[PDB]
Amino acid sequence: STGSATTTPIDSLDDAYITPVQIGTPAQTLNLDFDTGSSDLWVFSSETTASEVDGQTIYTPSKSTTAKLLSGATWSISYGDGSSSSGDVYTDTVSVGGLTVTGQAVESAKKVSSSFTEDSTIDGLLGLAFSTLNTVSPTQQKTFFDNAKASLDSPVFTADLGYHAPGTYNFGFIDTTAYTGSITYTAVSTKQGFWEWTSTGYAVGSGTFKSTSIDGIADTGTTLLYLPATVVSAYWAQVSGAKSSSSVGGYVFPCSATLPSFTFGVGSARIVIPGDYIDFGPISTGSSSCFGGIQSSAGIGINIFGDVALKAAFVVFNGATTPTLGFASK
Ligand code: NA
């Protein structure tokens with residue numbers, strides 16, 4: 001089997017991407033944020049505290065003929081941005097792009113933090129990191145990918161995120177038309193439950209490539225690229241008037257600037273992030289200070305190849321017995 005679903009930016013900045021997901025029978029279609037940095041499939045629901053719902057589409061298990069309470073199971077998650085959600089668990093039929101899993105754990109939110117309530121476009125998350133990070137207690141549950149794996153033509157999914165445009169998540173196959181050149185594969189550590197890999201270095205603009213090992217995670221659920229302070233300082237030093245602002249919470253730059261590209265290494269290959277991808281626009285409406293898309297990972301405890309990096313590439317998440325990541329230009 002295979003699946004193929006279009007993923008759409010939620011706003012003009014590509015802050016996140018939503019992908020339609022069919023849950024239950026008859027289908028209830030919710031727009032989920034596919035997150036390779038977490039392992040819970042959770043939804044806004046008929047159980048969510050009413051004051052915490054503001055425009056999201058909800059899953060109502062009582063209207064699904066295939067929903068079953070997973071008796072006793074609860075979940076609670078906290079993300080890197082300080083957001084959180086918790087609730088109880090149903091099993092139900094879940095389909096993505098024509099690929100169906102029966103018996104998927106669908107985590108029904110009873111509570112969500114303010115950042116979820118305030119984002120009317122995101123109806124929940126679909127985690128695609130390793131199932132060892134799933135929060136369901138007392139019986140940990142599998143991700144949609146892990147449940148689909150054995151049925152897939154190849155045990156893979158791919159992320160092809162657009163810059164200010166829709167893109168695609170495919171399950172079970174490589175679309176050889178979706179990238180240019182060849183795919184470079186690199187080793188993954190699953191020790192922390194993430195798609196954790198080691199970049200071979202970076203360049204700023206037309207500068208020379210610096211060979212240096214950068215361990216980090218491929219995380220579709222993180223907007224920005226978070227890298228060590230040395231690397232980030234080297235990037236922003238090439239933009240006149242850029243500075244790190246403790247008041248704003250990261251590097252800012254004059255909105256009049258033209259940003260340089262950023263290159264990261266994947267083995268001997270190179271992925272180039274155009275400068276335009278690094279512009280996250282005014283820090284507040286009408287400001288001439290713009291927020292940078294490359295930020296320091298110091299204090300976060302891990303480097304994160306978020307959407308700024310990933311949308312410059314066709315990315316293969318290879319879930320074979322020895323997992324690997326692949327990156328191609330596109
Ligand atoms: Na922000």
# chains A, B, ... in the order shown; residues from 1 in each chain; ligands from 1
>>> residues_near_ligand(ligand="ligand 1", cutoff="12 Å", atoms="only C-alpha atoms and all ligand atoms", output="PyMOL selection string")
chain A and resi 13-16+81+115+222-224+248-252+279-284+290-293+295
>>> select_by_dssp(residues="region 35-256 of chain A", states="strand (DSSP E or B)", output="ChimeraX atom specification")
/A:35,41-43,45,59,68-78,84-96,99-112,124-127,137,156-160,167-171,184-187,189,196-204,210-218,225-227,243-245,250-254
>>> closest_residue(among="A:160, A:119, A:245, A:200", to="residue 177 (chain A)", atoms="only C-alpha atoms")
A:160
>>> closest_residue(among="A:40, A:276, A:196, A:175", to="residue 127 (chain A)", atoms="only C-alpha atoms")
A:40
>>> residues_around(residues="residue 330 (chain A)", least_positions_apart="2", cutoff="12 Å", atoms="only C-alpha atoms", output="PyMOL selection string")
chain A and resi 159-163+167+175-183+270-273+310-315+327-328
